[PDB]
Structures are given as C-alpha cells and as structure tokens.
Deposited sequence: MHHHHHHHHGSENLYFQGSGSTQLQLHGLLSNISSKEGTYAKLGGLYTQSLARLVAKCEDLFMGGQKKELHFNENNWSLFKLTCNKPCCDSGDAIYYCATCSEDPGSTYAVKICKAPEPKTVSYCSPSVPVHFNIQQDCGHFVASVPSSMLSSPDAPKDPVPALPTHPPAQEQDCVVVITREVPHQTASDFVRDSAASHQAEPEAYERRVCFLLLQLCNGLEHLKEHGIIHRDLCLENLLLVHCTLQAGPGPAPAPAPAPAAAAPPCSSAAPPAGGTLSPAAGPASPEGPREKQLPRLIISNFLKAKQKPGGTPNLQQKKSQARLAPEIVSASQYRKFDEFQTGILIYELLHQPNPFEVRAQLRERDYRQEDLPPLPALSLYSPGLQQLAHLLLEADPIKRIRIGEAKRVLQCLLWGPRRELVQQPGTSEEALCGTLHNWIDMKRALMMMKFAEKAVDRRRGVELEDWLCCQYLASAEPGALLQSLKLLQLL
C-alpha cells in the first residue's frame, strides 16, 4: 500500500493528527496532576505575602497531610468548578481571624480559601511594571499579551461551558503563576423584581470585558472610561479608539478588541472565536479551494512541531514549555475552515 506516493503522504498526514492529539493528552498530564478543623495541618512558609489582588491576599503554605507540595492561602478582603489549567481550584474554606498587618482594629475576620496554585503576581501588577518594556521592546510584550489572552480565553470558555459567567473580569483578578516542566500560567480567580440585566447579555459578557482588558493589557485606558460618546450613544466598532501600531500584533489586537466590543450582543464574537484569532496571531497563517493550501500549511506546521519535540527528547536542557503545549493545542485541532474564519475576522 506504500507504492503510491501521495497515498503514503496522505497516510502520514493522518498520523500527525494522531500523534499531536496524543501529545496534547500527555502534555495535559505533565502540567496538571479541608475544613476549619483541618487548618491545624497547615503552616505558612513566611510572614510576607506572595501576591495581593485587592480582592484577596495570598500566602504560601505547606500541609503536613500532603508533604512535598505547597498550597496558597487565599485571604479574602470581604467582611463550584470542574478542574482546568487556567481556573483557580478551591480546596476548602473557612472563617479565620487575621492580624490587620497581614492584610497589606488589630485583627479582622476574613474568609480563608485554600488554593492549589501559588501566584507570583497579578495581571495588573504585570501591566504596572512593564510600561517601559512595552515601549522598548513592543513585539515581545504584545506577543506575551496574546499568550495571556489565549490562556484567559481557554479559562473563560471552560467556565461558560459549565454555566458560569464572571460578572467582573479585571486585571487584578488574573493571577500569574510560575510554570516549569518565561511565560507564566494564567489563572482566573474565584469570587419578584426581574433582573435589570438579561441572561442574554450575560452570555456575551466575558467577551465584552475581555475587549476592555485588551486595551488595559496594552497600556491603554478603558475606552468607556475616557470617551463620553461611548457611554451616552449607541456606538459602533468604528467609534472605538485605536492602538499605537508598535508591532505586528497591534493591528490584529485592535481588530480583536473591536470585535469583542461590538454593541449588539448577538453579532458580537464569541470567546471561542477570539481564541482562534489569538491562535492565528501567534502561530497561524500570515497574510501571504484555498483549503488545500491551508491543508498543506497545517501539515507542514505539524511536521515542524513534531520535529521540535523530537529534538527536545535528546536535548538535556531544551524541554517542553507551556508555549509548546498551547501551540500543540492549536495545530492538533487546526482545520482549513476555521482558519479561514479567523483570517477574515482579522479582515485579512
């Protein structure tokens, strides 16, 4: 059966799909895997917080029942999910009494949640400290923004699939976690009169907030917080402010923001389409029966991906990174149809 050239090479093209799905499965294995009475088992590692997100403050802790691993103690300032890589996992909660010095009269009652992932900083912290870096090296920063946004989309989509809408997404509530075996791991933190806001508009709400976040990540102000015409009039995507063209990602990110900030909650782009767009900005086909051409591109990108992984197996300090995983997720589900969707969403 190996006599026909393209019969064999069409046979190969299927086995790239095969391995890539297997690679994603194993990569998922790699990067992944209490009550008020059980709190005795815990022990804060130090007196300093590792992260402060306004909504809560974080302290690394160890558990005597679980030696070798570390937990994050989330102390909420306020007076249910299936597991995902980009979603904060709560392991139990209670009410404790905390010295006011730890929250930055002598003590306050706080809700204490036990988190599996220890945050290095928040997204707002990252934005706050990277203005000069964005100015100096725009392409590196804006690519990083696309990676964070991609992870954010993965989390939001997993939340939406199981009936959860985060009523307020903000940079302060997006946790950046260290990740090995550099690009951080993004994690979305947890929180008869009819409703003033319908369930319909809540469905396309994460998309709307994400559009605002794109501005905030690229060191631009919230458009509605600066332009009164956007608060008072029925605007259109043309009315939305632009971004300084500093790199290859700036136009595509501006386009994506406009697509996410469309006033009509029906013609607005879903979160899964935004994901595919970010994917296109990162690895996807650039400007250069078109499906056949795309089929070739997918096959070539898959072969080059398998090549990078194969060379990592024999290199003693090149190893598998989060970027490799995310890139595999894209190429494994890559189809010429969906790529076309994303290409003219980017109006290319």
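Q: What stretches of this chain's deposited sequence are missing C-alpha coordinates?
A: Missing from the model are residues 1 to 31, 65 to 71, 118 to 127, 153 to 169, 247 to 293, 304 to 324, 422 to 431, 492.
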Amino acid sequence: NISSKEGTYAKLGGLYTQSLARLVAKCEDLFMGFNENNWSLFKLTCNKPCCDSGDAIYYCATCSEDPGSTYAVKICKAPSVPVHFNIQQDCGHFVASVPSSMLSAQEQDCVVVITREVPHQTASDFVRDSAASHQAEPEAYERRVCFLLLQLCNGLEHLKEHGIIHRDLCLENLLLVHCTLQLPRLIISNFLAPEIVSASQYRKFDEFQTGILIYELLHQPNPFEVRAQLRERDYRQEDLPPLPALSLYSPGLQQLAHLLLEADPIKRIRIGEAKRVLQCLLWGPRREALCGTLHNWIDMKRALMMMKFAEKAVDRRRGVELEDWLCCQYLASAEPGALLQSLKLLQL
From here on, numbers count along this sequence of modelled residues.
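Q: Is the mean CA B factor in the deposited entry higher across 7 to 15 or across 330 to 338?
A: Going by the record's values, the stretch with the higher mean is 7 to 15.
Q: So, looking at the entry's B-factor column for Cα atoms, which has the higher mean, 142 to 150 or 222 to 230?
A: Comparing averages over the C-alpha atoms only gives 222 to 230.
Q: Tell me, please, which of 128, 268, 74, 276 has the highest C-alpha B factor according to the deposited entry?
A: Highest CA B-factor of the listed options: 268.
Q: Sort 216, 172, 206, 238 by C-alpha B-factor from the entry and give me just the highest.
A: Result of the comparison over 216, 172, 206, 238: 238.
Q: Tell me, lowest, middle or highest third: where does the Cα B factor of residue 99 rank within its chain?
A: It belongs to the middle third of the chain when residues are ordered by C-alpha B-factor.
Q: Of the three thirds of its chain by CA temperature factor, lowest, middle or highest, which one includes residue 52?
A: CA B-factor rank for residue 52: middle third.
Q: Hey, what third does residue 189 fall into on Cα B-factor, ranked over its chain?
A: Ranked within chain, residue 189 CA B lands in the lowest tercile.
Q: Compared with the other modelled residues in the chain, in which third is the CA B-factor of residue 78?
A: It belongs to the highest third of the chain when residues are ordered by C-alpha B-factor.
Q: In terms of the CA temperature factor given in the entry, to which third of its chain does residue 93 belong: lowest, middle or highest?
A: It belongs to the middle third of the chain when residues are ordered by C-alpha B-factor.
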